[PDB]
Amino acid sequence: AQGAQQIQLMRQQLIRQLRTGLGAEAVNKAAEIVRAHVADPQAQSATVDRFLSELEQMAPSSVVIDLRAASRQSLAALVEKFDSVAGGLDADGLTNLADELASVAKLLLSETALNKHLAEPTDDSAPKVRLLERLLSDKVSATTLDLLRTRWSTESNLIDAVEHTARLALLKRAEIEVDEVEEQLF
Amino acid sequence: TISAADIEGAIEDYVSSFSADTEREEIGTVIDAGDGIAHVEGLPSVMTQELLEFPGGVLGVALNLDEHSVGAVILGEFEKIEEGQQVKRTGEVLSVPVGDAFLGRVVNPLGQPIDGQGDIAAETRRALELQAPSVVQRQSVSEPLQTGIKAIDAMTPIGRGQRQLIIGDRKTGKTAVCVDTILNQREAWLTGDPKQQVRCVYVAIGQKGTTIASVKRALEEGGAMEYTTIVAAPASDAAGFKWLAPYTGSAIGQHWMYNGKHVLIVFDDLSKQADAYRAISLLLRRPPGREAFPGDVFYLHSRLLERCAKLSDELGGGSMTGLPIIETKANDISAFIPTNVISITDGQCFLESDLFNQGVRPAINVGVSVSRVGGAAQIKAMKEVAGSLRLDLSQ
Amino acid sequence: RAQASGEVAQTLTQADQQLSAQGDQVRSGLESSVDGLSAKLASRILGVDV
Amino acid sequence: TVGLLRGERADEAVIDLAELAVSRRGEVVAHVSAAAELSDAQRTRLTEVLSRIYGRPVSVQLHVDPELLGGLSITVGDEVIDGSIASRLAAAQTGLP
Amino acid sequence: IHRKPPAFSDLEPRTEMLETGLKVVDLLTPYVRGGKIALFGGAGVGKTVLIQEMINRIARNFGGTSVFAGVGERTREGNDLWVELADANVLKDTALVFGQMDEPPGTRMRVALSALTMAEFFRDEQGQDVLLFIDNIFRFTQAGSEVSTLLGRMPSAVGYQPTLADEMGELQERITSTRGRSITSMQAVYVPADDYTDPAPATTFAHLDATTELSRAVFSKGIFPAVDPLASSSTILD
Amino acid sequence: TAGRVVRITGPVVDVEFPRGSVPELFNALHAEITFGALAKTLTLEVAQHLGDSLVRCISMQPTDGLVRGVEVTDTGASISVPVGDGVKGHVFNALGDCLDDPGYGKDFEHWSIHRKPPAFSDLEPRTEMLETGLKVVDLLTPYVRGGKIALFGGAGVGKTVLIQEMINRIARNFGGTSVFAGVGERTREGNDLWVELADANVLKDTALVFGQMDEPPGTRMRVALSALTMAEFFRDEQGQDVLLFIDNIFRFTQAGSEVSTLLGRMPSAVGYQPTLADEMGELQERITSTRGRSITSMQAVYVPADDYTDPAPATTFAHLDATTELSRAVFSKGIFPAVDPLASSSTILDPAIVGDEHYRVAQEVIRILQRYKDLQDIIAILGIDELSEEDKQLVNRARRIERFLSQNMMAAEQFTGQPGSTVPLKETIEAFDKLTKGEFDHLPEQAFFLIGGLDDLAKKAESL
Amino acid sequence: XXXXXXXXXXXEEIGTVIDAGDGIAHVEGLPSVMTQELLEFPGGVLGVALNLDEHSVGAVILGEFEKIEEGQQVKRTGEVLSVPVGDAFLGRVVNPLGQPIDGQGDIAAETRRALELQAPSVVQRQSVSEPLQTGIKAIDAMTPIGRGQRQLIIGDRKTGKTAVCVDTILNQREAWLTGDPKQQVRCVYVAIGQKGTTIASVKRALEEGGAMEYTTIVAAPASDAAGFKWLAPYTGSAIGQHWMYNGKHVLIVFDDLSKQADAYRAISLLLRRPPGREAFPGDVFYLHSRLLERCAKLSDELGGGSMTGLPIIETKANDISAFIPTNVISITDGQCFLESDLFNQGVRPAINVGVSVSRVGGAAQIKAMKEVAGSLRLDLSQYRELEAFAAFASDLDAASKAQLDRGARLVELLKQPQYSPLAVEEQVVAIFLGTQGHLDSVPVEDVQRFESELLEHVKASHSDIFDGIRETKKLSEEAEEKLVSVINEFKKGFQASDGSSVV
Ligand SMILES: Nc1ncnc2c1ncn2[C@@H]1O[C@H](COP(=O)(O)OP(=O)(O)OP(=O)(O)O)[C@@H](O)[C@H]1O
Ligand SMILES: Nc1ncnc2c1ncn2[C@@H]1O[C@H](COP(=O)(O)OP(=O)(O)OP(=O)(O)O)[C@@H](O)[C@H]1O
Ligand SMILES: Nc1ncnc2c1ncn2[C@@H]1O[C@H](COP(=O)(O)OP(=O)(O)O)[C@@H](O)[C@H]1O
Ligand SMILES: [Mg+2]
Ligand SMILES: [Mg+2]
Ligand SMILES: [Mg+2]
């Protein structure tokens, strides 16, 4: 009985061998047919259009999102302070503020101890504001110091925030060519 | 005989059924790879112990979820992996295919075939980490798992729903005993009654390929492969398969168990699983505990073995019987892993080489060996004629 | 035992050669169907009746 | 930015600068790949679709490559659409019984 | 679940003997009613049987109340106990709490404190004397050691958490029987590798009045319940 | 475009590559050292990816002289060794360089040393016994033709004597083609072997690959793979049956540990690498006799401090079909080849394969020696006289059985001057059956040392 | 365009110590330093650049690390780890760096040789087929050492290991006085962790015996830093190899190699490498093998030179089964275990004839000794077991008693005093006296005197015995008859310390 069972087993294995051979030749020949069909842009653009239709049929957006909450809030407050400054600023003064912010970024990265001391968030930030002002008022434009008068969680992010404000200022100066700057950056 | 209609119909059915969902899904990138471990960036929505899908068809298990990276263990050929390449999420907590079509097959721990006899018509998928049945769902072991070995069935009985550790040194009779226990079930299988026939699973961890093949053909010699499945994590395969094989075996068992069937699971052997878990944990750089083993090596075996029991009549009455094997270096039983498994299981069959070499075979040390469910897993007649043989032989 | 084993071996070998011949017969027929099945599969892949 | 790279990679830095530029413009950017450049009407339709797949409107940068023999693939955030016909050939090859 | 143990002002020693009917126990390891009693033992020597026998012998006659804590024990014996207590009438007065080894470290840690909270309620707010059984209280510090390296504690000796002594004391000191309101505690302790020197048993030994130390060497001779007559000790044997 | 070195810690070297040109794992890279007489081209093998386009490599040659910043070029393929019928008769190293003829083999077909083991479906267990002509082996640990055999032992107990003896017992007459992988053994033995195989004229039918101790661990671990590639080529392509000697395979795991400590991976137990079992398995499973073809392998395994519980031997025990275990104590007794009868084992020692007459005698001998080894604890204190007669009669012939398992091997002729002896299986069975039944209990123990067969036993006893 | 811009952008080095601790330092700068480059610090101190990180270089300090401190300048020597070498080292005591420590004067070095140069491969080597006479009867008779051999001298504390190796070095003078480099063996004595007084005593003994004409001492005394102890064997082998490849014959003694293991343990643990067995790092095997495989005999296509190694290992309480002992036993071609239990009784040198083995064997033994002595080993082993038995035999057969007395007199024959190496031409006669039974009538208590006197008898008269042996390396019958005649003639003239004559 076990021998006959092995007979049946070999018969099933033969079925599988022919089945897999047929399927493999089928898929290979189908690849050949596909590549033969895809030989001119009349097919490319039509296929892209079919995909576009299928995506129109796709379910609508389902993800709102498309270095931490405290640092993020500090960045947003910097963004609001920049909103006020830019509401006051102009392209020439914007470039002046951008240059001042790049210089103060170089300063902050040079004097690491100052960043290590200042970046600790606490209530009663006014004396920290005076410490900042004693040096910011000498070598920085009034607007750069006014924005700098603004909680970040780490010194790296606090330093990056200056570059962020400078980028915002120079991009706003560009806006006073958004598409051109975006395309050239890409 | 072979017919053209079946082959043509299968090919045409696949061809006509073929379709792709074109679904949007999350993407990550490998930032580190080596020794079977991979650190992947991205995948914000990844679940703990989710199956990651690497581009060479290889899979992985996301064990660590750090603030900036995901630590994954590769379950397969890690050679093909490269830093910087794409990784997808499967949307599926660690799971394995299950179904009664696995009877007679040899499968990778992931539940895909290695016997060469083609794909498996799996019934469903079951997660490898489902919770064990609680105190209330279980029932008292009251029926015997006939081993056909006098030194066991009479002196230290094994019941359905019981865990009986087989703990020995090299070449003492562990695999012999378990293979015999699997072979003896044919006289019950041929009855066709689901309430007494026993389905078997032989999990090979760290065994060399020729030993797995010798077990396979020793089972075929006796007709056991009509109802026995083999989960093979051979020595060559990465530590992941070696760590995982017992859990997929337990899942294939639990499916039949909860469907009202009676199952038997042999783990050969769990010391290799402890070694693989040690390797994996050390590659992930978890600080090890005693004897370099991972801190939670106990929780590796406990949640593997506690998940075999006898269910109550309200859940079909099915059961799963485990026979874990432990290999003891230099024949000392009072060691860490053996003493853990001794405390997780219900009884000990301790195989001593110094008895094996003096004709006492199987070499069950009558003193240390015990079955704590005992005579409740025996037929009345044996309880009469063998009610005290263990204590008498120890004296 | 020996007699039954000999009969089993004879059955195995005769079935082997018979199945070889039968598979040789059927795969020739399958060679014809493969092309149409491939055209169907290509039509599935592209999404149009290629 | 180059004056203060402070450890980041140049390419990722400039790409993040572009992403900031577009975010401050109030939009988002997706990277698209296909075997051939889509027409202007096609691009306007693609934008009309992405504006329905994501809330804020999505701008696009096209990375043409002959690998995606047909169709196009879209990557945004860390989500991707595998629309290319070559992915379909790979699927049919691997999905075979 | 968490509460500080009773103040030293409220504690008194117990000296009333508890009769169980076990020759070796009643003779060489006499138990204390209202005291802290323990079984010790390696893997497999039969602690789970002896603790269920103590349930059978004490909680049967005991007219008060009782609680059973399953701390990292195997589930089959917990079910055997749940069925056995319902075959007799004792279950009407016995609360059960289970945190068995199938569950992860958190429950194995806190299940003991939960059952102990129930026992402390029975002690303080009612004054009805109570029997608290715990099986097995080593899994508590075991789970602690399992979570230690992940929490960020440096491992100590053979591999337990450094907090072991105080983490175990914060629990054990709560099982005490303040004056006028008794708790009779019976706790089983696992001995890793049969190594009675292991820090966990060595720390547990201090919190106990009577210790019925099982040993594999006796079990292999067929002597059952297999208590070591020499190592086992009791404070009331005066 | 190519990479640069950025870190060096012993033989391990970290290399940075352009963003998109990182090499795959186990790819071979070339680097230059130009100090002076130390100058050479280093081959590095990629072991890890560290991120940021940085990869960590294992150097196959000593890194002495390698300065940071030097360029590193990717070959795009693994380390490749020559294969073909022309490989036979010459000596190679791990990198495929011939030592006897430097340019040899550059034009041969080249195979990657890194390959996946054969499919499970193509495995079949072997059971045909191999007759070596050594009494203890042929009786208690019958080898398998096409299986995996190993010799364990500590330092200075008979690896080399017994290995060259087995070479004489099998390779001297084996009709197939032999490969000899010297994995971290002493070089002087390699030279002695290269001379001896020419004296015996066997060289023309065997290939030699050497990775001796002086070489750094990186190649010291890959030498085994290098030789195994040639062995499995002779297996799969030529269809010949093969003998694959390896000595010593423990040094493979030891080199693995050395490179592991440098790669930065955390240590396991007593100090081996993690994945120890995984590396050893990836090595050993490739050495297997697939269906229709055979590769007989004899391995030597070192055991440090005679600690048979050391993780490495304990791991390698799982892959072997026959395991001869040497012992210090038996060596001190003057017994040679000093095999421990009670520890050694063979999977084919079952009546279905070897027959009832063989099995019964083997198990009775094991029983006698086991009773002896249990009485040793008393023997050591009170002597034989305290034992009861049922124990004393047993011990008297136990000592004789133990000593009779010794044999005057052919290899030892160069040290003792006594000629070698080969005995057929049937004569060994007869002799040990007679011994267990007591037909020789009247002769003195010293008569039994280093005899050989029964006629030589009588000849020796007559002289005493 | 991009290439030219990159080139335009791209268009004596000194470093600084940033960290220093317990014999190791970290150095900033030095972008162009080679791995294992011999750096130098301001204090006249050297270092080995082991680890080259992305920002700093790890340097093990050789010598007085006390003189190093943060902020010091470090500069390249431009030489891979190397030592000066040449013939001028003969007769000098140098530290591992090749610098003179004896204060006897500067070193007229020929060249420089790196330490990490690989050993000769299988194809370059030749069989050990040439005798390295040690002059110890208990060794040359039973455990002969060939040139190119590695013979372990493993033993216990205070068991005469250094004494045996000094005797082996002294015995070579009889050959040095011949000008032919084929016999003209030269020696190196590497002292690791020995007391300074012991090194001075060895120096003195070699001077008194004339051995310093051809011996070089490398001294890493216990007082110096671990790095010196770690390098001492490698620099000794480097001094030896330069002679070896030029066709000279070299003898290297390592006294003792276990303390190099301990020093490398210290160095590794200070670098925070994870230790293995016995707290040793996983690569001590690659230490001792990397050292001992250098020793070989080269093929005539490469110069017929050779280097012989005699490593000493100290065993804790005679536990030969320890880690380092078994590692070195697995490397060397034999061992001569010196048992302390015999040393205290008076068997000196205390060679354990049972455990000792020469895995080259009689291939490197001259035919005369090979014939006369080749039986002695097994006869002494069976005598030892016969004695262990008869120690409690109330009575025993006469044959056992005769074998017992013969064994006792052979054991008394084998021993010899310190610094008294016997030429092989005399050793063969000394062993002939015993093996052929001519001592069967002399009392044990006089045997050692008897032999020592007869060799002087044959030295003053009947010199044709020693000459016939020396000039043919085989003991011919025409000489054996005169030998027996002289023995029997002397027996009548000799007398014991007490009792009768010796027949
Ligand atoms: N009951 C028995 N009677 C006689 N011989 C037996 C018995 N059981 C096993 N053997 C024999 O003893 C040997 C035991 O090998 P076994 O298959 O038990 O290895 P094992 O115990 O599984 O070790 P490992 O777990 O390392 O494979 C086999 O050669 C087998 O033939
Ligand atoms: N040939 C000899 N005969 C008798 N005694 C000797 C002989 N050689 C050495 N000794 C004894 O041993 C002492 C010197 O031994 P030696 O210095 O060789 O020991 P060692 O093995 O070097 O020990 P360590 O390595 O600790 O110095 C001598 O002072 C003397 O007592
Ligand atoms: N039958 C025998 N008679 C005498 N000596 C033997 C015999 N067998 C082995 N030996 C000795 O044992 C030694 C074996 O050393 P070897 O096996 O190479 O050790 P390792 O491999 O650990 O370095 C040889 O030098 C040889 O002299
Ligand atoms: Mg087994
Ligand atoms: Mg050897
Ligand atoms: Mg000394």
# chains A, B, ... in the order shown; residues from 1 in each chain; ligands from 1

call {"tool": "residues_near_ligand", "arguments": {"ligand": "ligand 3", "cutoff": "6 Å", "atoms": "only C-alpha atoms and all ligand atoms", "output": "ChimeraX atom specification"}}
result
/F:154-161,336-337,408,412 /G:330,359

call {"tool": "residues_around", "arguments": {"residues": "residue 256 of chain B", "least_positions_apart": "6", "cutoff": "9 Å", "atoms": "only C-alpha atoms", "output": "number ranges by chain"}}
result
B: 98-100, 199, 262-263, 318-320

call {"tool": "write_last_selection", "arguments": {"atoms": "N, CA and C atoms", "output": "JSON list (two decimals), in the first residue's frame"}}
result
[["chain", "number", "residue", "atom", "x", "y", "z"],
["B", 98, "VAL", "N", -1.42, 28.06, 8.51],
["B", 98, "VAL", "CA", -1.84, 26.85, 9.20],
["B", 98, "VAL", "C", -2.98, 26.21, 8.42],
["B", 99, "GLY", "N", -3.08, 24.90, 8.56],
["B", 99, "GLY", "CA", -4.09, 24.11, 7.88],
["B", 99, "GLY", "C", -3.71, 22.65, 7.89],
["B", 100, "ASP", "N", -4.72, 21.79, 7.74],
["B", 100, "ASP", "CA", -4.49, 20.36, 7.81],
["B", 100, "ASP", "C", -3.77, 19.82, 6.58],
["B", 199, "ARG", "N", -2.48, 13.79, 16.09],
["B", 199, "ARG", "CA", -1.66, 14.41, 15.06],
["B", 199, "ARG", "C", -0.37, 14.91, 15.69],
["B", 262, "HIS", "N", -6.47, 16.37, 18.70],
["B", 262, "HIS", "CA", -5.44, 16.05, 19.67],
["B", 262, "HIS", "C", -4.08, 16.08, 18.98],
["B", 263, "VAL", "N", -3.14, 16.81, 19.57],
["B", 263, "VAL", "CA", -1.86, 17.09, 18.93],
["B", 263, "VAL", "C", -0.72, 16.73, 19.87],
["B", 318, "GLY", "N", -10.14, 19.65, 22.64],
["B", 318, "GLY", "CA", -8.85, 19.33, 22.08],
["B", 318, "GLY", "C", -7.73, 19.54, 23.07],
["B", 319, "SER", "N", -6.58, 18.96, 22.74],
["B", 319, "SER", "CA", -5.41, 19.07, 23.59],
["B", 319, "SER", "C", -4.15, 19.06, 22.73],
["B", 320, "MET", "N", -3.05, 19.50, 23.34],
["B", 320, "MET", "CA", -1.73, 19.45, 22.73],
["B", 320, "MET", "C", -0.73, 18.99, 23.78]]

call {"tool": "residues_around", "arguments": {"residues": "segment 36-52 of chain D", "least_positions_apart": "6", "cutoff": "10 Å", "atoms": "only C-alpha atoms", "output": "ChimeraX atom specification"}}
result
/A:40-41,44-45,48-49,51-61 /D:30,58-60,62-66,68-72,74

call {"tool": "write_last_selection", "arguments": {"atoms": "N, CA, C and O atoms", "output": "short mmCIF file (atom, residue, chain, number, x, y, z; two decimals), in the first residue's frame"}}
result
data_model
loop_
_atom_site.label_atom_id
_atom_site.label_comp_id
_atom_site.auth_asym_id
_atom_site.auth_seq_id
_atom_site.Cartn_x
_atom_site.Cartn_y
_atom_site.Cartn_z
N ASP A 40 6.74 52.61 -27.65
CA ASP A 40 6.55 53.96 -28.17
C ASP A 40 5.81 54.78 -27.13
O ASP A 40 5.01 54.22 -26.37
N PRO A 41 6.03 56.09 -27.07
CA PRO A 41 5.41 56.90 -26.01
C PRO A 41 3.89 56.97 -26.10
O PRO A 41 3.25 57.35 -25.12
N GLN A 44 3.17 54.74 -23.43
CA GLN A 44 3.57 55.26 -22.13
C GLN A 44 2.53 56.24 -21.59
O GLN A 44 2.04 56.10 -20.46
N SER A 45 2.21 57.26 -22.38
CA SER A 45 1.29 58.29 -21.88
C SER A 45 -0.10 57.72 -21.65
O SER A 45 -0.78 58.11 -20.69
N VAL A 48 0.01 55.94 -18.37
CA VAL A 48 0.00 56.90 -17.28
C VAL A 48 -1.41 57.45 -17.07
O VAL A 48 -1.83 57.70 -15.94
N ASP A 49 -2.14 57.66 -18.17
CA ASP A 49 -3.52 58.13 -18.05
C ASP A 49 -4.41 57.09 -17.37
O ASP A 49 -5.26 57.43 -16.55
N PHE A 51 -3.40 54.84 -15.20
CA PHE A 51 -3.05 54.90 -13.79
C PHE A 51 -3.68 56.12 -13.13
O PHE A 51 -4.11 56.05 -11.97
N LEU A 52 -3.69 57.26 -13.82
CA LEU A 52 -4.29 58.46 -13.25
C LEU A 52 -5.77 58.24 -12.97
O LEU A 52 -6.29 58.66 -11.93
N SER A 53 -6.47 57.57 -13.89
CA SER A 53 -7.87 57.24 -13.64
C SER A 53 -8.00 56.32 -12.43
O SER A 53 -8.87 56.53 -11.57
N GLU A 54 -7.13 55.32 -12.33
CA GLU A 54 -7.21 54.39 -11.21
C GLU A 54 -6.95 55.10 -9.89
O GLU A 54 -7.54 54.76 -8.87
N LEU A 55 -6.06 56.10 -9.90
CA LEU A 55 -5.77 56.85 -8.68
C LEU A 55 -6.90 57.80 -8.34
O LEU A 55 -7.21 57.99 -7.16
N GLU A 56 -7.55 58.38 -9.35
CA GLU A 56 -8.77 59.14 -9.10
C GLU A 56 -9.80 58.26 -8.42
O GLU A 56 -10.55 58.72 -7.55
N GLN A 57 -9.86 56.98 -8.80
CA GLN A 57 -10.75 56.05 -8.13
C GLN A 57 -10.27 55.69 -6.73
O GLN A 57 -11.07 55.23 -5.91
N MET A 58 -8.98 55.87 -6.45
CA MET A 58 -8.43 55.49 -5.15
C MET A 58 -9.09 56.27 -4.02
O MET A 58 -9.60 57.38 -4.20
N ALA A 59 -9.08 55.66 -2.83
CA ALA A 59 -9.69 56.28 -1.66
C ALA A 59 -9.05 57.65 -1.39
O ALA A 59 -7.84 57.81 -1.58
N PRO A 60 -9.82 58.64 -0.95
CA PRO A 60 -9.25 59.95 -0.64
C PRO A 60 -8.19 59.88 0.46
O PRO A 60 -7.96 58.85 1.09
N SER A 61 -7.55 61.03 0.67
CA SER A 61 -6.52 61.16 1.69
C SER A 61 -6.99 60.60 3.03
O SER A 61 -8.15 60.77 3.41
N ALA D 30 6.34 65.80 -4.04
CA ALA D 30 6.44 64.37 -4.26
C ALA D 30 7.43 64.07 -5.37
O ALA D 30 7.53 64.82 -6.35
N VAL D 58 0.14 69.16 -3.78
CA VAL D 58 1.44 68.50 -3.90
C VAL D 58 2.10 68.93 -5.20
O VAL D 58 1.53 68.75 -6.28
N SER D 59 3.30 69.50 -5.10
CA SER D 59 4.16 69.70 -6.25
C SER D 59 4.96 68.43 -6.53
O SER D 59 5.02 67.51 -5.71
N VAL D 60 5.60 68.39 -7.69
CA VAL D 60 6.20 67.16 -8.20
C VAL D 60 7.57 67.45 -8.81
O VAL D 60 7.78 68.51 -9.42
N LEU D 62 10.16 65.11 -11.32
CA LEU D 62 10.13 63.89 -12.11
C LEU D 62 11.53 63.33 -12.28
O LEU D 62 12.42 64.01 -12.81
N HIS D 63 11.74 62.09 -11.84
CA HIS D 63 13.00 61.37 -12.00
C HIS D 63 12.77 60.29 -13.06
O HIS D 63 12.49 59.14 -12.74
N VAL D 64 12.92 60.67 -14.33
CA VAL D 64 12.69 59.73 -15.42
C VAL D 64 13.72 58.61 -15.35
O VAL D 64 14.90 58.83 -15.08
N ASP D 65 13.25 57.38 -15.60
CA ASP D 65 14.14 56.22 -15.63
C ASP D 65 13.48 55.12 -16.44
O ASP D 65 12.28 54.88 -16.27
N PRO D 66 14.21 54.43 -17.32
CA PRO D 66 13.58 53.38 -18.15
C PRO D 66 13.20 52.13 -17.38
O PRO D 66 12.60 51.23 -17.97
N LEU D 68 10.97 51.69 -14.91
CA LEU D 68 9.51 51.67 -14.90
C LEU D 68 9.01 51.77 -16.34
O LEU D 68 8.47 52.79 -16.78
N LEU D 69 9.21 50.68 -17.08
CA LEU D 69 8.89 50.66 -18.51
C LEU D 69 7.53 51.29 -18.79
O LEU D 69 7.37 52.02 -19.77
N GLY D 70 6.56 51.04 -17.92
CA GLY D 70 5.25 51.64 -18.04
C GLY D 70 4.79 52.20 -16.71
O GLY D 70 5.30 51.84 -15.65
N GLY D 71 3.83 53.11 -16.78
CA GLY D 71 3.29 53.72 -15.59
C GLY D 71 4.32 54.58 -14.88
O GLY D 71 5.44 54.79 -15.33
N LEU D 72 3.90 55.09 -13.72
CA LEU D 72 4.73 55.97 -12.91
C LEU D 72 4.57 55.60 -11.44
O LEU D 72 3.56 55.03 -11.03
N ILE D 74 5.08 57.13 -7.36
CA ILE D 74 5.01 58.37 -6.58
C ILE D 74 5.50 58.09 -5.17
O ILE D 74 5.03 57.14 -4.53
#

call {"tool": "residues_near_ligand", "arguments": {"ligand": "ligand 6", "cutoff": "8 Å", "atoms": "only C-alpha atoms and all ligand atoms", "output": "NGL selection string"}}
result
:G and (158 or 160-163 or 194 or 198 or 255-256)

call {"tool": "residues_around", "arguments": {"residues": "segment 232-238 of chain F", "least_positions_apart": "2", "cutoff": "8 Å", "atoms": "only C-alpha atoms", "output": "ChimeraX atom specification"}}
result
/F:83-84,177,228-230,240-242,287,293-295

call {"tool": "write_last_selection", "arguments": {"atoms": "N, CA, C and O atoms", "output": "tab-separated table (two decimals), in the first residue's frame"}}
result
chain	number	residue	atom	x	y	z
F	83	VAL	N	39.16	25.72	-9.54
F	83	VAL	CA	38.56	24.40	-9.52
F	83	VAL	C	38.80	23.73	-10.87
F	83	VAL	O	38.90	24.39	-11.90
F	84	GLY	N	38.88	22.40	-10.84
F	84	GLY	CA	39.14	21.62	-12.03
F	84	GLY	C	40.03	20.43	-11.74
F	84	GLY	O	40.67	20.36	-10.69
F	177	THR	N	39.16	10.99	-5.27
F	177	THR	CA	40.06	12.14	-5.22
F	177	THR	C	39.95	12.82	-3.87
F	177	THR	O	38.85	13.10	-3.39
F	228	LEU	N	36.70	23.46	0.91
F	228	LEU	CA	35.40	22.86	0.74
F	228	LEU	C	34.83	23.15	-0.64
F	228	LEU	O	34.10	22.34	-1.20
F	229	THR	N	35.17	24.31	-1.20
F	229	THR	CA	34.72	24.62	-2.55
F	229	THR	C	35.29	23.64	-3.57
F	229	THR	O	34.56	23.15	-4.44
F	230	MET	N	36.57	23.31	-3.46
F	230	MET	CA	37.16	22.35	-4.38
F	230	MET	C	36.57	20.97	-4.15
F	230	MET	O	36.31	20.22	-5.11
F	240	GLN	N	32.88	12.45	-9.02
F	240	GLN	CA	33.73	11.53	-8.29
F	240	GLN	C	33.35	11.50	-6.80
F	240	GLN	O	32.73	12.43	-6.27
F	241	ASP	N	33.74	10.42	-6.14
F	241	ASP	CA	33.65	10.34	-4.69
F	241	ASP	C	34.91	10.93	-4.07
F	241	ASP	O	36.01	10.77	-4.60
F	242	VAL	N	34.74	11.61	-2.94
F	242	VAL	CA	35.77	12.50	-2.42
F	242	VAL	C	36.03	12.21	-0.95
F	242	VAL	O	35.13	11.85	-0.19
F	287	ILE	N	29.32	20.16	3.88
F	287	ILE	CA	30.03	18.89	3.79
F	287	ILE	C	29.03	17.76	4.01
F	287	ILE	O	28.89	17.26	5.13
F	293	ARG	N	25.95	10.74	-4.81
F	293	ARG	CA	27.36	11.11	-4.73
F	293	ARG	C	27.74	11.21	-3.26
F	293	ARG	O	26.89	11.32	-2.38
F	294	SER	N	29.05	11.18	-3.00
F	294	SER	CA	29.52	11.05	-1.63
F	294	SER	C	30.77	11.88	-1.40
F	294	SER	O	31.63	12.00	-2.28
F	295	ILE	N	30.87	12.45	-0.20
F	295	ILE	CA	32.06	13.15	0.27
F	295	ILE	C	32.35	12.75	1.71
F	295	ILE	O	31.72	13.25	2.65

call {"tool": "residues_near_ligand", "arguments": {"ligand": "ligand 1", "cutoff": "6 Å", "atoms": "only C-alpha atoms and all ligand atoms", "output": "MDAnalysis selection string"}}
result
(chainID B and resid 170:176 361:362) or (chainID F and resid 318 347:350)

call {"tool": "residues_around", "arguments": {"residues": "residue 374 of chain F", "least_positions_apart": "5", "cutoff": "12 Å", "atoms": "only C-alpha atoms", "output": "number ranges by chain"}}
result
B: 354-355, 357-358; F: 342, 367-369, 379-380, 391, 394-395, 398

call {"tool": "residues_near_ligand", "arguments": {"ligand": "ligand 5", "cutoff": "12 Å", "atoms": "only C-alpha atoms and all ligand atoms", "output": "ChimeraX atom specification"}}
result
/F:151-165,182-190,192-193,246-250,299-303 /G:329-334,359

call {"tool": "residues_near_ligand", "arguments": {"ligand": "ligand 4", "cutoff": "12 Å", "atoms": "only C-alpha atoms and all ligand atoms", "output": "PyMOL selection string"}}
result
(chain B and resi 166-179+202-208+210-212+214-215+266-272+324-327) or (chain F and resi 317-321+347)
